[PDB]
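*Asks:* Let me give you the structure first, and then I'll get to my questions.
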Amino acid sequence: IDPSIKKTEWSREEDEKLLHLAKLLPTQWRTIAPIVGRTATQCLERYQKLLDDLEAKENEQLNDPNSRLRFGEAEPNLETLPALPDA
Amino acid sequence: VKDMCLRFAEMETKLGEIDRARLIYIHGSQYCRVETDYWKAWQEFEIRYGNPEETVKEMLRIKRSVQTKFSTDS
Amino acid sequence: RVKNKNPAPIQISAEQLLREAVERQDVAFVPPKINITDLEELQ
Amino acid sequence: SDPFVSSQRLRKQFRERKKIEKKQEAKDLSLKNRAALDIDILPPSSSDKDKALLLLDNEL
């Protein structure tokens, strides 16, 4: 909720900063988040999206989500989701 | 501003320099419908002293950007 | 059918909440002014 | 599986794309300094190319 959160689209500079940090500190998103500028959940979701996107672009020309595939989808964290529109 | 820019670019071309002439053409294309006086002489210098593949794309790009600037407010 | 899940054209905003909360106030309480008709109540 | 092999693949994919992107913006900003330009410069796109030869055909 708080206004400090940048919900805009990811700029390229912060994207490369996120890539570099996620390489430097494996896992450890609560410390990557302040340096990147976004929240920890935003950084984790963005990193996962980049990996999935790279896999999708890889399939045209040709990571083991099979381990993540063997179970169901990730249950979204309730507090990080956008608010339901009111009826 | 283009009124003096055109004469100065003609003088520059007479002297034997081409780079600063086109430079001041893009410089003058920045000050500002029915404005054909810009583009007529702009494209005239383009035809008389311009290569097909070397320069046309970027300056036509700039023309499109200027037209979009004009069209943003209406 | 009281099942109009359709998102409202006017979403509730916080400033709206504070404004319509403050709207519960009215003018200052007006008491009938006392009439000093003689000297002793003036005193 | 690999926090390093997979990292390079993301780094590779990003790194070569920013090189071509920095190439354009360095090119366009250098022209505005020598011309005192004040406006954003949009990517060339295929539209300018289609119009370029069409303009060029009437020139010659």
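Ordering of the structure tokens sets the chain letters (A, B, ...), residue numbers begin anew at 1 in every chain, and ligands are numbered from 1 in the order given.
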Within 6 Å of chain C, which residues belong to chain A? Use only C-alpha atoms and report them as a PDB file with N, CA and C atoms, in the first residue's frame.
*Replies:*
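File out-v9.pdb, as written:
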```pdb
ATOM      1  N   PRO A  85     -11.304  -5.485  -7.267  1.00  0.00           N
ATOM      2  CA  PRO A  85     -12.250  -4.418  -7.596  1.00  0.00           C
ATOM      3  C   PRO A  85     -13.588  -4.661  -6.919  1.00  0.00           C
ATOM      4  N   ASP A  86     -14.193  -3.581  -6.438  1.00  0.00           N
ATOM      5  CA  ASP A  86     -15.448  -3.671  -5.708  1.00  0.00           C
ATOM      6  C   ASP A  86     -16.644  -3.816  -6.648  1.00  0.00           C
ATOM      7  N   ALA A  87     -17.592  -4.658  -6.247  1.00  0.00           N
ATOM      8  CA  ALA A  87     -18.841  -4.856  -6.965  1.00  0.00           C
ATOM      9  C   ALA A  87     -19.794  -3.694  -6.708  1.00  0.00           C
TER      10      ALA A  87
END
```
*Asks:* Using CA of residue 39 in chain D and CA of residue 11 in chain A as the two end points, give the distance in Å to one decimal.
*Replies:*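 Interatomic distance, CA of residue 39 in chain D to CA of residue 11 in chain A: 20.4 Å.
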*Asks:* Do me a favour and pick out the residues of chain D within 9 Å of chain B, using only C-alpha atoms, as a list in words.
*Replies:*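 Taken together, these residues fit the definition: residues 28, 31, 32, 34, 35, 36, 37, 38, 39, 40, 41, 42, 43, 44, 45, 48, 49, 51, 52, 53, 56, 59 and 60 of chain D.
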*Asks:* Convert the current residue selection to file output with N, CA, C and O atoms, as an mmCIF file, in the first residue's frame.
*Replies:*
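Result file result_3.cif:
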```cif
data_model
loop_
_atom_site.group_PDB
_atom_site.id
_atom_site.type_symbol
_atom_site.label_atom_id
_atom_site.label_comp_id
_atom_site.auth_asym_id
_atom_site.auth_seq_id
_atom_site.Cartn_x
_atom_site.Cartn_y
_atom_site.Cartn_z
ATOM 1 N N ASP D 28 22.375 9.156 -31.012
ATOM 2 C CA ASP D 28 21.383 10.216 -31.135
ATOM 3 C C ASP D 28 21.693 11.386 -30.209
ATOM 4 O O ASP D 28 21.459 12.544 -30.572
ATOM 5 N N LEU D 31 24.379 13.705 -31.695
ATOM 6 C CA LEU D 31 23.843 14.656 -32.664
ATOM 7 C C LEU D 31 23.094 15.818 -32.019
ATOM 8 O O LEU D 31 23.120 16.930 -32.557
ATOM 9 N N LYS D 32 22.421 15.606 -30.883
ATOM 10 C CA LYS D 32 21.698 16.726 -30.284
ATOM 11 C C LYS D 32 22.638 17.732 -29.630
ATOM 12 O O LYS D 32 22.308 18.919 -29.549
ATOM 13 N N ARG D 34 25.608 18.687 -30.801
ATOM 14 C CA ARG D 34 26.092 19.548 -31.868
ATOM 15 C C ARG D 34 24.965 20.293 -32.570
ATOM 16 O O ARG D 34 25.223 20.976 -33.566
ATOM 17 N N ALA D 35 23.730 20.165 -32.087
ATOM 18 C CA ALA D 35 22.599 20.848 -32.694
ATOM 19 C C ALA D 35 21.663 21.495 -31.683
ATOM 20 O O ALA D 35 20.683 22.120 -32.099
ATOM 21 N N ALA D 36 21.928 21.368 -30.379
ATOM 22 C CA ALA D 36 21.090 21.960 -29.335
ATOM 23 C C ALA D 36 19.639 21.504 -29.472
ATOM 24 O O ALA D 36 18.701 22.277 -29.263
ATOM 25 N N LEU D 37 19.454 20.237 -29.822
ATOM 26 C CA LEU D 37 18.116 19.689 -29.969
ATOM 27 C C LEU D 37 17.463 19.498 -28.608
ATOM 28 O O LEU D 37 18.126 19.141 -27.631
ATOM 29 N N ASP D 38 16.153 19.757 -28.535
ATOM 30 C CA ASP D 38 15.376 19.455 -27.330
ATOM 31 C C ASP D 38 14.093 18.720 -27.723
ATOM 32 O O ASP D 38 13.028 19.332 -27.828
ATOM 33 N N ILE D 39 14.209 17.411 -27.957
ATOM 34 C CA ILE D 39 13.058 16.525 -28.136
ATOM 35 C C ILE D 39 13.570 15.092 -28.081
ATOM 36 O O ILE D 39 14.743 14.829 -28.368
ATOM 37 N N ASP D 40 12.702 14.156 -27.710
ATOM 38 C CA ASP D 40 13.046 12.743 -27.767
ATOM 39 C C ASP D 40 13.129 12.257 -29.208
ATOM 40 O O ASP D 40 12.399 12.715 -30.090
ATOM 41 N N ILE D 41 14.041 11.317 -29.439
ATOM 42 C CA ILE D 41 14.291 10.750 -30.758
ATOM 43 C C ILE D 41 13.778 9.319 -30.739
ATOM 44 O O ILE D 41 14.220 8.499 -29.925
ATOM 45 N N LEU D 42 12.848 9.022 -31.629
ATOM 46 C CA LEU D 42 12.177 7.736 -31.630
ATOM 47 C C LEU D 42 12.950 6.739 -32.479
ATOM 48 O O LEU D 42 13.733 7.130 -33.347
ATOM 49 N N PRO D 43 12.749 5.442 -32.255
ATOM 50 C CA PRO D 43 13.471 4.449 -33.046
ATOM 51 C C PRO D 43 13.121 4.570 -34.514
ATOM 52 O O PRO D 43 12.015 5.015 -34.873
ATOM 53 N N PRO D 44 14.055 4.223 -35.406
ATOM 54 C CA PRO D 44 13.803 4.434 -36.842
ATOM 55 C C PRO D 44 12.581 3.691 -37.356
ATOM 56 O O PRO D 44 11.848 4.226 -38.198
ATOM 57 N N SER D 45 12.354 2.465 -36.875
ATOM 58 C CA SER D 45 11.246 1.618 -37.316
ATOM 59 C C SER D 45 11.302 1.322 -38.809
ATOM 60 O O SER D 45 12.150 1.855 -39.531
ATOM 61 N N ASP D 48 9.959 4.599 -41.390
ATOM 62 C CA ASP D 48 10.869 5.571 -41.985
ATOM 63 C C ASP D 48 11.584 4.981 -43.191
ATOM 64 O O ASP D 48 11.782 5.666 -44.201
ATOM 65 N N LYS D 49 11.982 3.711 -43.101
ATOM 66 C CA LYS D 49 12.661 3.065 -44.218
ATOM 67 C C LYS D 49 11.760 2.989 -45.444
ATOM 68 O O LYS D 49 12.206 3.245 -46.568
ATOM 69 N N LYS D 51 9.284 4.982 -46.184
ATOM 70 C CA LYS D 51 9.138 6.339 -46.694
ATOM 71 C C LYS D 51 10.446 6.878 -47.263
ATOM 72 O O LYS D 51 10.425 7.749 -48.141
ATOM 73 N N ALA D 52 11.584 6.383 -46.775
ATOM 74 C CA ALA D 52 12.873 6.933 -47.185
ATOM 75 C C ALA D 52 13.126 6.710 -48.669
ATOM 76 O O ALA D 52 13.415 7.657 -49.408
ATOM 77 N N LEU D 53 13.007 5.462 -49.126
ATOM 78 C CA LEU D 53 13.182 5.185 -50.548
ATOM 79 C C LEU D 53 12.075 5.820 -51.379
ATOM 80 O O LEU D 53 12.325 6.292 -52.495
ATOM 81 N N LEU D 56 13.222 9.065 -51.626
ATOM 82 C CA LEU D 56 14.441 9.033 -52.427
ATOM 83 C C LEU D 56 14.158 8.779 -53.902
ATOM 84 O O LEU D 56 14.871 9.305 -54.765
ATOM 85 N N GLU D 59 13.494 11.871 -55.666
ATOM 86 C CA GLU D 59 14.657 12.752 -55.716
ATOM 87 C C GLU D 59 15.490 12.509 -56.971
ATOM 88 O O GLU D 59 15.852 13.456 -57.678
ATOM 89 N N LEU D 60 15.799 11.250 -57.264
ATOM 90 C CA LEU D 60 16.658 10.917 -58.399
ATOM 91 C C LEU D 60 15.862 10.779 -59.692
ATOM 92 O O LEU D 60 16.279 11.269 -60.741
#
```
*Asks:* Work out how far apart CA of residue 49 in chain A and CA of residue 15 in chain A are and give it in Å to one decimal.
*Replies:*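 Distance between the two atoms: 11.6 Å.
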*Asks:* Write out as a count of residues only the residues lying within 12 Å of residue 21 in chain A, counting only C-alpha atoms and excluding same-chain residues fewer than 2 positions away.
*Replies:* 26
*Asks:* I'd like a table as JSON lines: residues in chain D with an atom no more than 7 Å from chain A, each row giving the shortest atom pair and its distance in Å to one decimal, only C-alpha atoms counted, sorted by chain and rising residue number.
*Replies:*
```
{"residue": "D:1", "atom": "CA", "partner": "A:63", "partner_atom": "CA", "distance": 5.3}
{"residue": "D:2", "atom": "CA", "partner": "A:63", "partner_atom": "CA", "distance": 6.4}
{"residue": "D:6", "atom": "CA", "partner": "A:63", "partner_atom": "CA", "distance": 6.3}
{"residue": "D:7", "atom": "CA", "partner": "A:23", "partner_atom": "CA", "distance": 6.5}
{"residue": "D:10", "atom": "CA", "partner": "A:54", "partner_atom": "CA", "distance": 7.0}
```
*Asks:* Do you have the CA of residue 3 in chain D-CA of residue 78 in chain A distance handy?
*Replies:*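 We find that CA of residue 3 in chain D and CA of residue 78 in chain A lie 27.4 Å from each other.
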*Asks:* Quick one: everything within 10 Å of residue 3 in chain B, counting only C-alpha atoms, minus sequence neighbours fewer than 4 positions away in the same chain. Send it as a PDB file with N, CA, C and O atoms, in the first residue's frame.
*Replies:*
```pdb
ATOM      1  N   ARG B   7      20.530  31.449 -45.504  1.00  0.00           N
ATOM      2  CA  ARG B   7      21.577  32.216 -46.172  1.00  0.00           C
ATOM      3  C   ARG B   7      22.952  31.835 -45.641  1.00  0.00           C
ATOM      4  O   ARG B   7      23.914  31.725 -46.413  1.00  0.00           O
ATOM      5  N   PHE B   8      23.067  31.614 -44.330  1.00  0.00           N
ATOM      6  CA  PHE B   8      24.361  31.234 -43.780  1.00  0.00           C
ATOM      7  C   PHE B   8      24.775  29.845 -44.234  1.00  0.00           C
ATOM      8  O   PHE B   8      25.957  29.601 -44.493  1.00  0.00           O
ATOM      9  N   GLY B  28      17.875  24.613 -36.815  1.00  0.00           N
ATOM     10  CA  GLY B  28      16.681  25.387 -37.124  1.00  0.00           C
ATOM     11  C   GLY B  28      15.383  24.602 -37.182  1.00  0.00           C
ATOM     12  O   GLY B  28      14.315  25.183 -36.963  1.00  0.00           O
ATOM     13  N   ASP B  37       7.654  26.276 -45.522  1.00  0.00           N
ATOM     14  CA  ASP B  37       8.912  26.983 -45.748  1.00  0.00           C
ATOM     15  C   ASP B  37      10.094  26.251 -45.128  1.00  0.00           C
ATOM     16  O   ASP B  37      11.203  26.292 -45.674  1.00  0.00           O
ATOM     17  N   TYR B  38       9.884  25.590 -43.989  1.00  0.00           N
ATOM     18  CA  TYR B  38      10.920  24.742 -43.412  1.00  0.00           C
ATOM     19  C   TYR B  38      11.304  23.636 -44.382  1.00  0.00           C
ATOM     20  O   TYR B  38      12.426  23.591 -44.908  1.00  0.00           O
TER      21      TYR B  38
END
```
